[PDB]
$ cat work_13.cif   # mmCIF, C-alpha atoms and all ligand atoms
data_input
loop_
_atom_site.label_atom_id
_atom_site.label_comp_id
_atom_site.auth_asym_id
_atom_site.auth_seq_id
_atom_site.Cartn_x
_atom_site.Cartn_y
_atom_site.Cartn_z
CA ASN K 2 26.89 15.01 -38.31
CA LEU K 3 28.49 13.62 -41.50
CA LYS K 4 28.08 9.97 -40.45
CA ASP K 5 24.44 10.60 -39.44
CA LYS K 6 23.83 12.74 -42.56
CA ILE K 7 25.12 9.92 -44.80
CA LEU K 8 22.83 7.38 -43.11
CA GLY K 9 19.86 9.76 -43.36
CA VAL K 10 20.42 10.35 -47.06
CA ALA K 11 21.23 6.69 -47.72
CA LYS K 12 18.04 5.66 -45.95
CA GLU K 13 16.00 7.90 -48.31
CA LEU K 14 17.89 6.70 -51.42
CA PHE K 15 17.31 3.06 -50.46
CA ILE K 16 13.64 3.92 -49.91
CA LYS K 17 13.24 5.73 -53.25
CA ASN K 18 15.30 3.38 -55.45
CA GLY K 19 15.91 0.11 -53.53
CA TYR K 20 19.18 -1.45 -52.37
CA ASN K 21 20.67 -2.67 -55.66
CA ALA K 22 19.97 0.54 -57.59
CA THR K 23 21.42 2.91 -54.97
CA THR K 24 25.17 3.37 -55.56
CA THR K 25 27.72 4.61 -53.02
CA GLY K 26 28.63 7.39 -55.48
CA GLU K 27 25.14 8.79 -55.04
CA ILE K 28 25.29 8.60 -51.26
CA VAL K 29 28.69 10.33 -51.28
CA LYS K 30 27.74 13.30 -53.48
CA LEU K 31 24.24 13.78 -52.02
CA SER K 32 25.47 13.86 -48.41
CA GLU K 33 28.38 16.11 -49.48
CA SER K 34 31.02 13.63 -48.35
CA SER K 35 33.77 11.41 -49.78
CA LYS K 36 34.35 7.77 -50.76
CA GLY K 37 37.05 7.91 -48.08
CA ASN K 38 34.77 8.94 -45.22
CA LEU K 39 32.14 6.44 -46.35
CA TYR K 40 34.81 3.73 -46.46
CA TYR K 41 36.23 4.68 -43.04
CA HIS K 42 32.78 4.53 -41.41
CA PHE K 43 31.11 1.59 -43.18
CA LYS K 44 33.60 -0.09 -45.58
CA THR K 45 30.81 -1.40 -47.84
CA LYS K 46 27.32 -0.56 -49.08
CA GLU K 47 26.36 -3.84 -47.40
CA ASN K 48 27.60 -2.72 -44.00
CA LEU K 49 26.23 0.82 -44.29
CA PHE K 50 22.83 -0.75 -44.94
CA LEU K 51 23.18 -2.93 -41.81
CA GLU K 52 24.03 0.16 -39.79
CA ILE K 53 20.82 1.88 -40.97
CA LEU K 54 18.92 -1.26 -39.88
CA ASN K 55 20.57 -0.87 -36.44
CA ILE K 56 19.35 2.73 -36.20
CA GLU K 57 15.93 1.56 -37.40
CA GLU K 58 15.76 -1.33 -34.88
CA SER K 59 16.66 1.10 -32.08
CA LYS K 60 13.92 3.53 -33.14
CA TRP K 61 11.50 0.58 -33.15
CA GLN K 62 12.49 -0.44 -29.62
CA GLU K 63 12.20 3.18 -28.51
CA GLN K 64 8.77 3.33 -30.17
CA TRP K 65 7.73 0.10 -28.43
CA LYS K 66 8.76 1.40 -24.97
CA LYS K 67 6.31 4.31 -25.35
CA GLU K 68 3.59 2.27 -27.05
CA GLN K 69 3.58 -0.67 -24.57
CA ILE K 70 2.25 1.51 -21.73
CA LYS K 71 -1.15 1.04 -23.45
CA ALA K 72 -0.82 -2.61 -22.30
CA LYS K 73 -1.12 -3.16 -18.54
CA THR K 74 -0.63 -6.96 -18.55
CA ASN K 75 1.90 -8.98 -20.57
CA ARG K 76 -0.99 -10.85 -22.25
CA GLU K 77 -2.11 -7.45 -23.49
CA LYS K 78 1.48 -6.59 -24.49
CA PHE K 79 1.69 -9.82 -26.54
CA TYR K 80 -1.56 -9.06 -28.42
CA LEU K 81 -0.46 -5.47 -29.02
CA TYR K 82 3.07 -6.12 -30.23
CA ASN K 83 1.87 -8.59 -32.85
CA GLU K 84 -0.75 -6.13 -34.12
CA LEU K 85 1.85 -3.36 -34.28
CA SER K 86 4.18 -5.71 -36.14
CA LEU K 87 1.49 -6.35 -38.75
CA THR K 88 0.00 -2.86 -39.08
CA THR K 89 3.23 -0.83 -39.09
CA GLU K 90 4.90 -3.13 -41.68
CA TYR K 91 2.09 -2.33 -44.11
CA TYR K 92 3.56 1.17 -44.51
CA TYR K 93 7.22 0.63 -43.62
CA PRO K 94 9.09 2.22 -46.54
CA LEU K 95 12.41 0.45 -46.01
CA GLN K 96 10.66 -2.93 -46.08
CA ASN K 97 11.21 -3.40 -49.81
CA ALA K 98 14.93 -2.54 -49.61
CA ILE K 99 15.19 -5.02 -46.71
CA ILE K 100 13.57 -7.86 -48.74
CA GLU K 101 15.95 -7.03 -51.56
CA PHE K 102 18.94 -6.85 -49.17
CA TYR K 103 18.41 -10.07 -47.22
CA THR K 104 17.54 -12.12 -50.31
CA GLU K 105 21.06 -11.40 -51.58
CA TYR K 106 23.51 -11.64 -48.64
CA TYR K 107 21.92 -14.51 -46.67
CA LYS K 108 24.76 -16.78 -47.90
CA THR K 109 27.67 -14.61 -46.64
CA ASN K 110 28.07 -15.92 -43.07
CA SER K 111 29.49 -12.63 -41.71
CA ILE K 112 26.66 -10.46 -43.07
CA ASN K 113 24.23 -13.19 -41.95
CA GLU K 114 26.07 -13.07 -38.60
CA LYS K 115 25.24 -9.39 -38.02
CA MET K 116 21.72 -9.84 -39.42
CA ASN K 117 21.12 -12.40 -36.66
CA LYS K 118 22.29 -10.14 -33.83
CA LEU K 119 19.62 -7.85 -35.31
CA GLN K 120 16.77 -10.40 -35.32
CA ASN K 121 17.85 -11.34 -31.80
CA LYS K 122 16.87 -7.79 -30.85
CA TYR K 123 13.37 -8.35 -32.28
CA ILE K 124 13.22 -11.64 -30.39
CA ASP K 125 14.23 -9.88 -27.12
CA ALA K 126 10.89 -8.02 -27.12
CA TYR K 127 9.02 -11.32 -26.75
CA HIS K 128 11.55 -12.69 -24.28
CA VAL K 129 10.75 -9.75 -22.02
CA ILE K 130 6.98 -10.14 -22.37
CA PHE K 131 7.28 -13.83 -21.44
CA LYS K 132 9.76 -13.42 -18.56
CA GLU K 133 7.58 -10.71 -17.03
CA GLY K 134 4.48 -12.79 -17.70
CA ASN K 135 6.00 -15.57 -15.58
CA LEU K 136 6.81 -13.21 -12.72
CA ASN K 137 3.11 -12.16 -12.63
CA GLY K 138 1.55 -15.62 -12.97
CA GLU K 139 0.01 -14.81 -16.35
CA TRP K 140 1.47 -18.10 -17.56
CA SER K 141 4.30 -20.58 -16.87
CA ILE K 142 7.02 -21.06 -19.48
CA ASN K 143 10.15 -22.94 -18.51
CA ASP K 144 11.54 -22.49 -22.06
CA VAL K 145 11.23 -18.71 -22.57
CA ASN K 146 14.05 -18.49 -25.13
CA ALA K 147 12.32 -21.13 -27.26
CA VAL K 148 8.76 -19.78 -27.08
CA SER K 149 10.18 -16.32 -27.88
CA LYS K 150 11.87 -17.50 -31.10
CA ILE K 151 8.66 -19.30 -32.06
CA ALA K 152 6.40 -16.27 -31.49
CA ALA K 153 8.66 -13.84 -33.38
CA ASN K 154 8.87 -16.14 -36.42
CA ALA K 155 5.26 -17.29 -36.32
CA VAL K 156 4.23 -13.62 -36.30
CA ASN K 157 6.61 -12.70 -39.19
CA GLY K 158 5.05 -15.45 -41.27
CA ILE K 159 1.55 -14.16 -40.64
CA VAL K 160 2.79 -10.64 -41.44
CA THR K 161 4.73 -11.63 -44.58
CA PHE K 162 2.78 -14.43 -46.28
CA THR K 163 -0.74 -12.98 -46.04
CA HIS K 164 -0.55 -9.54 -47.84
CA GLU K 165 -3.16 -10.72 -50.41
CA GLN K 166 -5.94 -10.22 -47.83
CA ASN K 167 -7.51 -6.90 -46.75
CA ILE K 168 -6.15 -5.16 -43.66
CA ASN K 169 -9.12 -5.89 -41.38
CA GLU K 170 -9.11 -9.62 -42.01
CA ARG K 171 -5.35 -9.74 -41.47
CA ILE K 172 -5.73 -8.01 -38.08
CA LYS K 173 -8.56 -10.44 -37.12
CA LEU K 174 -6.36 -13.42 -37.98
CA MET K 175 -3.33 -12.01 -36.17
CA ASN K 176 -5.40 -11.40 -33.03
CA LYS K 177 -6.87 -14.89 -33.40
CA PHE K 178 -3.34 -16.30 -33.53
CA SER K 179 -2.41 -14.24 -30.49
CA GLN K 180 -5.39 -15.86 -28.73
CA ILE K 181 -4.66 -19.46 -29.75
CA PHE K 182 -0.99 -19.11 -28.88
CA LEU K 183 -1.52 -17.67 -25.40
CA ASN K 184 -4.13 -20.36 -24.71
CA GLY K 185 -1.59 -23.09 -25.49
CA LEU K 186 0.82 -21.71 -22.88
CA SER K 187 -1.75 -22.47 -20.17
CA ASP V 5 10.95 -28.89 -68.99
CA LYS V 6 14.52 -27.96 -69.96
CA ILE V 7 13.75 -24.37 -68.90
CA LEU V 8 11.72 -25.09 -65.74
CA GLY V 9 14.53 -27.10 -64.13
CA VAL V 10 17.16 -24.37 -64.52
CA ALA V 11 14.68 -21.61 -63.65
CA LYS V 12 13.90 -23.35 -60.33
CA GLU V 13 17.65 -23.67 -59.61
CA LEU V 14 18.28 -20.04 -60.59
CA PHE V 15 15.24 -18.71 -58.68
CA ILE V 16 16.37 -20.71 -55.62
CA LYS V 17 20.08 -19.76 -55.81
CA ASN V 18 19.42 -16.06 -56.53
CA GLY V 19 16.29 -13.89 -56.25
CA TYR V 20 13.20 -13.51 -58.42
CA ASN V 21 14.59 -10.17 -59.60
CA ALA V 22 18.24 -11.34 -59.71
CA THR V 23 17.50 -14.24 -62.09
CA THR V 24 16.71 -13.04 -65.61
CA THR V 25 15.13 -13.97 -68.96
CA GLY V 26 18.61 -14.00 -70.52
CA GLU V 27 20.22 -15.99 -67.69
CA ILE V 28 17.42 -18.59 -67.96
CA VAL V 29 17.85 -19.19 -71.71
CA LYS V 30 21.67 -19.00 -71.88
CA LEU V 31 22.30 -21.27 -68.85
CA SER V 32 19.64 -23.80 -69.93
CA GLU V 33 20.88 -23.55 -73.55
CA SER V 34 17.59 -22.91 -75.39
CA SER V 35 15.77 -20.50 -77.75
CA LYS V 36 14.84 -16.99 -76.57
CA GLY V 37 11.52 -17.10 -78.44
CA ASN V 38 10.81 -20.62 -77.12
CA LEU V 39 9.83 -19.16 -73.73
CA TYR V 40 7.54 -16.42 -75.12
CA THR V 45 6.04 -13.50 -69.17
CA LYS V 46 8.60 -14.23 -66.42
CA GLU V 47 5.76 -13.95 -63.89
CA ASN V 48 3.95 -16.64 -65.92
CA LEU V 49 6.99 -18.94 -65.73
CA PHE V 50 7.30 -18.27 -62.00
CA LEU V 51 3.64 -19.01 -61.16
CA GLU V 52 4.07 -22.19 -63.23
CA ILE V 53 7.02 -23.39 -61.11
CA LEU V 54 5.19 -22.56 -57.88
CA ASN V 55 2.27 -24.74 -58.98
CA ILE V 56 4.60 -27.60 -59.95
CA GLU V 57 6.50 -27.45 -56.63
CA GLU V 58 3.38 -26.96 -54.49
CA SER V 59 1.97 -30.12 -56.10
CA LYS V 60 5.23 -32.06 -55.60
CA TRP V 61 4.99 -31.15 -51.91
CA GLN V 62 1.30 -31.99 -51.37
CA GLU V 63 1.95 -35.23 -53.25
CA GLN V 64 4.98 -36.11 -51.08
CA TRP V 65 2.85 -35.22 -48.04
CA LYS V 66 0.15 -37.75 -49.07
CA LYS V 67 2.75 -40.49 -49.60
CA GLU V 68 4.08 -39.60 -46.10
CA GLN V 69 1.07 -38.65 -43.94
CA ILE V 70 0.12 -42.36 -43.63
CA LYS V 71 2.75 -42.62 -40.87
CA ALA V 72 0.52 -40.43 -38.62
CA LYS V 73 -2.36 -42.31 -36.98
CA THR V 74 -4.23 -39.35 -35.47
CA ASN V 75 -4.68 -35.88 -36.95
CA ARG V 76 -2.92 -34.36 -33.94
CA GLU V 77 0.09 -36.32 -35.22
CA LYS V 78 -0.52 -35.27 -38.84
CA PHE V 79 -0.22 -31.60 -37.75
CA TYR V 80 3.12 -32.14 -35.93
CA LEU V 81 4.47 -34.15 -38.84
CA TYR V 82 3.41 -31.93 -41.75
CA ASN V 83 5.07 -29.05 -39.92
CA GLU V 84 8.23 -31.08 -39.16
CA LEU V 85 8.38 -32.25 -42.77
CA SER V 86 7.95 -28.65 -43.96
CA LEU V 87 11.49 -28.04 -42.70
CA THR V 88 12.99 -31.05 -44.49
CA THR V 89 11.32 -31.15 -47.96
CA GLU V 90 13.06 -29.96 -51.12
CA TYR V 91 9.68 -28.72 -52.40
CA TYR V 92 7.97 -25.32 -52.34
CA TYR V 93 9.43 -24.00 -49.07
CA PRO V 94 12.82 -23.37 -50.67
CA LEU V 95 11.06 -20.85 -52.98
CA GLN V 96 9.59 -18.75 -50.16
CA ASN V 97 12.11 -15.86 -50.25
CA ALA V 98 11.61 -15.75 -54.04
CA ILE V 99 7.89 -15.39 -53.46
CA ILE V 100 8.45 -12.52 -50.98
CA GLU V 101 10.20 -10.51 -53.71
CA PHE V 102 7.58 -11.57 -56.21
CA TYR V 103 4.84 -9.79 -54.23
CA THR V 104 6.90 -6.60 -53.79
CA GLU V 105 8.20 -6.46 -57.39
CA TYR V 106 4.68 -7.32 -58.64
CA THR V 109 -0.89 -6.12 -61.53
CA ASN V 110 -4.32 -7.81 -61.41
CA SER V 111 -4.52 -10.99 -63.55
CA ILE V 112 -1.55 -12.47 -61.61
CA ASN V 113 -1.77 -11.07 -58.04
CA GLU V 114 -5.38 -12.30 -57.65
CA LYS V 115 -4.64 -15.49 -59.66
CA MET V 116 -1.97 -16.73 -57.19
CA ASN V 117 -4.49 -16.82 -54.32
CA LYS V 118 -5.60 -20.13 -55.89
CA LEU V 119 -2.04 -21.24 -55.10
CA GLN V 120 -2.48 -20.07 -51.49
CA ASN V 121 -5.72 -22.02 -51.03
CA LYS V 122 -3.90 -25.19 -52.17
CA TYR V 123 -1.21 -24.52 -49.55
CA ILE V 124 -3.84 -23.88 -46.86
CA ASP V 125 -5.96 -26.93 -47.84
CA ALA V 126 -3.47 -29.33 -46.24
CA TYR V 127 -4.40 -27.90 -42.82
CA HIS V 128 -8.09 -27.66 -43.72
CA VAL V 129 -8.23 -31.45 -44.09
CA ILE V 130 -6.19 -32.05 -40.94
CA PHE V 131 -8.44 -29.71 -38.97
CA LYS V 132 -11.78 -30.81 -40.48
CA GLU V 133 -10.77 -34.46 -40.06
CA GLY V 134 -9.89 -33.82 -36.42
CA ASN V 135 -13.34 -32.31 -35.90
CA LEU V 136 -14.97 -35.51 -37.22
CA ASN V 137 -12.51 -37.62 -35.17
CA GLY V 138 -13.35 -35.58 -32.01
CA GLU V 139 -9.74 -34.60 -31.22
CA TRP V 140 -10.71 -30.94 -30.90
CA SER V 141 -13.48 -28.54 -31.89
CA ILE V 142 -12.70 -25.79 -34.42
CA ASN V 143 -15.69 -23.73 -35.56
CA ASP V 144 -13.40 -21.33 -37.47
CA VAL V 145 -11.41 -23.99 -39.36
CA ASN V 146 -10.56 -21.80 -42.34
CA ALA V 147 -9.12 -19.03 -40.17
CA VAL V 148 -7.13 -21.54 -38.12
CA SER V 149 -5.86 -23.11 -41.34
CA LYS V 150 -4.64 -19.77 -42.71
CA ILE V 151 -2.99 -18.93 -39.38
CA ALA V 152 -1.41 -22.39 -39.08
CA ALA V 153 -0.05 -22.33 -42.63
CA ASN V 154 1.46 -18.88 -42.28
CA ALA V 155 2.90 -19.27 -38.76
CA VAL V 156 4.62 -22.44 -39.89
CA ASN V 157 5.88 -20.92 -43.14
CA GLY V 158 7.33 -18.26 -40.84
CA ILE V 159 9.24 -20.71 -38.69
CA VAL V 160 10.44 -22.52 -41.80
CA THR V 161 11.53 -19.42 -43.70
CA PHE V 162 12.90 -16.99 -41.09
CA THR V 163 15.24 -19.52 -39.43
CA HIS V 164 16.97 -21.01 -42.56
CA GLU V 165 20.42 -20.28 -41.10
CA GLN V 166 20.77 -22.54 -38.04
CA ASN V 167 21.04 -26.16 -36.86
CA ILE V 168 18.33 -28.18 -38.65
CA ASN V 169 17.74 -30.35 -35.59
CA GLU V 170 17.19 -27.25 -33.43
CA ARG V 171 14.68 -25.97 -36.01
CA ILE V 172 12.76 -29.25 -35.76
CA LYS V 173 12.66 -28.86 -31.97
CA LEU V 174 11.21 -25.35 -32.25
CA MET V 175 8.66 -26.46 -34.84
CA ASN V 176 7.47 -29.22 -32.49
CA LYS V 177 7.24 -26.90 -29.47
CA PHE V 178 5.16 -24.69 -31.78
CA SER V 179 2.79 -27.45 -32.92
CA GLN V 180 2.22 -28.42 -29.31
CA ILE V 181 1.32 -24.89 -28.19
CA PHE V 182 -0.91 -24.27 -31.19
CA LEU V 183 -2.91 -27.45 -30.63
CA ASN V 184 -2.96 -26.97 -26.86
CA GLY V 185 -4.67 -23.61 -27.47
CA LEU V 186 -7.40 -25.11 -29.67
CA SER V 187 -8.80 -27.37 -26.92
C1 LIG L 201 11.97 0.60 -37.89
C2 LIG L 201 10.99 -0.54 -37.94
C3 LIG L 201 9.68 -0.23 -38.25
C4 LIG L 201 8.72 -1.23 -38.31
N1 LIG L 201 7.45 -0.86 -38.62
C5 LIG L 201 9.10 -2.55 -38.05
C6 LIG L 201 8.16 -3.59 -38.11
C7 LIG L 201 8.54 -4.91 -37.85
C8 LIG L 201 9.86 -5.20 -37.54
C9 LIG L 201 10.80 -4.17 -37.49
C10 LIG L 201 10.44 -2.83 -37.74
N2 LIG L 201 11.36 -1.82 -37.69
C11 LIG L 201 12.78 -2.09 -37.37
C12 LIG L 201 13.53 -2.43 -38.67
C13 LIG L 201 14.72 -3.37 -38.46
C14 LIG L 201 14.73 -4.47 -39.52
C15 LIG L 201 15.85 -5.50 -39.28
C16 LIG L 201 15.54 -6.84 -39.95
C17 LIG L 201 16.75 -7.42 -40.70
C18 LIG L 201 16.61 -8.92 -40.95
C19 LIG L 201 15.60 -9.25 -42.05
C20 LIG L 201 14.49 -10.21 -41.61
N3 LIG L 201 14.56 -11.47 -42.38
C21 LIG L 201 15.06 -12.58 -41.78
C22 LIG L 201 15.55 -12.56 -40.35
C23 LIG L 201 15.16 -13.78 -42.46
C24 LIG L 201 14.73 -13.86 -43.78
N4 LIG L 201 14.84 -15.06 -44.40
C25 LIG L 201 14.21 -12.73 -44.40
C26 LIG L 201 13.78 -12.77 -45.72
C27 LIG L 201 13.26 -11.64 -46.34
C28 LIG L 201 13.18 -10.45 -45.63
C29 LIG L 201 13.61 -10.39 -44.31
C30 LIG L 201 14.14 -11.53 -43.67
#

$ encode --input "work_13.cif" --output "structure tokens"
Amino acid sequence: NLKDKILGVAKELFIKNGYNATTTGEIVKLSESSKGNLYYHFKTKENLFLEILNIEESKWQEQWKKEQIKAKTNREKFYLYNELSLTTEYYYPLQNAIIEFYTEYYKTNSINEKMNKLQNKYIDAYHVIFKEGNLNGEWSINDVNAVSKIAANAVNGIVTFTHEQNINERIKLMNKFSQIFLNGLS
Amino acid sequence: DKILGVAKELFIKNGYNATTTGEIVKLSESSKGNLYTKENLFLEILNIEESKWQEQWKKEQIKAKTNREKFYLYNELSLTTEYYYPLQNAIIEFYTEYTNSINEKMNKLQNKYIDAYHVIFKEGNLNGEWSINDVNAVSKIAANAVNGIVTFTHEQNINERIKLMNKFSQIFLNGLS
């Protein structure tokens, strides 16, 4: 459990102090491990952080599997996912370390390579909703990959660039977007 | 205006946090006291750039005959400009790493950003292209959705991005009518 202890501790350090401030020395000593083991498993602070994000994305997917039973039809699932995306981000503790992380390794094509495989996972959630929505005549989309990328990124924008407003208004808007968007697929 | 140019460049190349008071003065070659907050300098640049965009938009919107077309175009152009949108990641940090006199003050910057759509949508209501009772909501949603597509895909074929943005604009408008 040394690999999973290191990630657990590193998660909490990144949460408490951000990405740049947290050193690998800290993570080593606090998880009772060695620079060696940390190097053998993750090679860099950068890659360790990506691995956390993998664990976190998996937990999110696992969360979404349970939570999407409260949505009988894919139209309902679309509405719900976008809400969840907005509401849960408001108190996602890693979010700040993520902002800090991305806005620092976006240029390195390899790190930006793995960060894309990660967003692709977020985009898969919509892809499913839309594919299944087709197979139940909720709508007709011949370009599911496209409309999926659009939804994911439209929704991130509404989640990220609003913040200023109070949480009720932000939920109203998000749901209004969800409405407008699904109406344009008809 | 010796500072502001290098600050922009620095803020765009590296983060809001990563670029510094020292780095700004030393790289621009100017007096430390001369520029005496960082948040004040930042909010200044955002205003400048946001104006340079809305100005460029006015000298370019003429090529769209109907407001339906203005929507598509403004959004398409949002991908190509050198103004404002290249500072979006820097703004994301800004909110996290930042009060009262500033955090409420830069909602006047947001309303300027949203106003572009407010015209387009209000104009379209006069022109009878659609009917939006909740213009202001739709404007805020439009602005942010688009900013999303612009910002969270800045690492892929620019011509693909323009395709996505157009498939977006279509859907959004189709859902208004
Ligand atoms: C657990 C968990 C819990 C949640 N409530 C949650 C909520 C929403 C999404 C994931 C969530 N997860 C899953 C967490 C996984 C996060 C993985 C995202 C890594 C890529 C970063 C996204 N990103 C991209 C793409 C492009 C950018 N320009 C950019 C700029 C600034 C900041 C981010 C940027």

$ closest_residue --input "work_13.cif" --among "K:32, K:111, K:59, K:176" --to "ligand LIG 201 (chain L)" --atoms "only C-alpha atoms and all ligand atoms"
K:59

$ interface_residues --input "work_13.cif" --of "chain V" --to "chain K" --cutoff "6 Å" --atoms "only C-alpha atoms" --output "number ranges by chain"
V: 154-155, 157-159, 181-182, 184-185

$ write_last_selection --input "work_13.cif" --atoms "C-alpha atoms" --output "mmCIF file, in the frame of the given file"
data_model
loop_
_atom_site.group_PDB
_atom_site.id
_atom_site.type_symbol
_atom_site.label_atom_id
_atom_site.label_comp_id
_atom_site.auth_asym_id
_atom_site.auth_seq_id
_atom_site.Cartn_x
_atom_site.Cartn_y
_atom_site.Cartn_z
ATOM 1 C CA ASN V 154 1.460 -18.880 -42.280
ATOM 2 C CA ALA V 155 2.900 -19.270 -38.760
ATOM 3 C CA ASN V 157 5.880 -20.920 -43.140
ATOM 4 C CA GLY V 158 7.330 -18.260 -40.840
ATOM 5 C CA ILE V 159 9.240 -20.710 -38.690
ATOM 6 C CA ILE V 181 1.320 -24.890 -28.190
ATOM 7 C CA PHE V 182 -0.910 -24.270 -31.190
ATOM 8 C CA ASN V 184 -2.960 -26.970 -26.860
ATOM 9 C CA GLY V 185 -4.670 -23.610 -27.470
#

$ residues_near_ligand --input "work_13.cif" --ligand "ligand LIG 201 (chain L)" --cutoff "6 Å" --atoms "only C-alpha atoms and all ligand atoms" --output "ChimeraX atom specification"
/K:54,57-58,60-61,86,89-90,93,99-100,103-104,116,119-120 /V:97,161-162

$ closest_residue --input "work_13.cif" --among "K:28, K:179, K:68, K:125" --to "residue K:80" --atoms "all atoms listed in the file"
K:179

$ residues_near_point --input "work_13.cif" --point "(10.2, -27.8, -51.3)" --cutoff "8 Å" --atoms "all atoms listed in the file" --output "count of residues only"
12

$ atom_distance --input "work_13.cif" --atom1 "atom CA of residue V:109" --atom2 "atom CA of residue V:16"
23.4 Å

$ atom_distance --input "work_13.cif" --atom1 "atom CA of residue V:131" --atom2 "atom CA of residue V:145"
6.5 Å

$ decode --input "work_13.cif" --residues "stretch 160-177 of chain K" --atoms "C-alpha atoms" --output "tab-separated table (two decimals), in the first residue's frame"
chain	number	residue	atom	x	y	z
K	160	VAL	CA	-18.89	26.04	-14.62
K	161	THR	CA	-15.57	27.92	-14.76
K	162	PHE	CA	-16.32	31.45	-15.99
K	163	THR	CA	-19.39	32.22	-13.86
K	164	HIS	CA	-18.20	31.80	-10.18
K	165	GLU	CA	-19.01	35.49	-9.47
K	166	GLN	CA	-22.74	34.65	-9.31
K	167	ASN	CA	-24.60	32.98	-6.40
K	168	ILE	CA	-25.11	29.23	-6.49
K	169	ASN	CA	-28.85	29.29	-7.23
K	170	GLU	CA	-28.56	31.56	-10.24
K	171	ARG	CA	-25.69	29.45	-11.58
K	172	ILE	CA	-27.83	26.29	-11.32
K	173	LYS	CA	-30.76	28.08	-13.06
K	174	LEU	CA	-28.49	29.12	-15.92
K	175	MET	CA	-26.91	25.68	-16.25
K	176	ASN	CA	-30.34	24.04	-16.40
K	177	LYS	CA	-31.42	26.69	-18.91
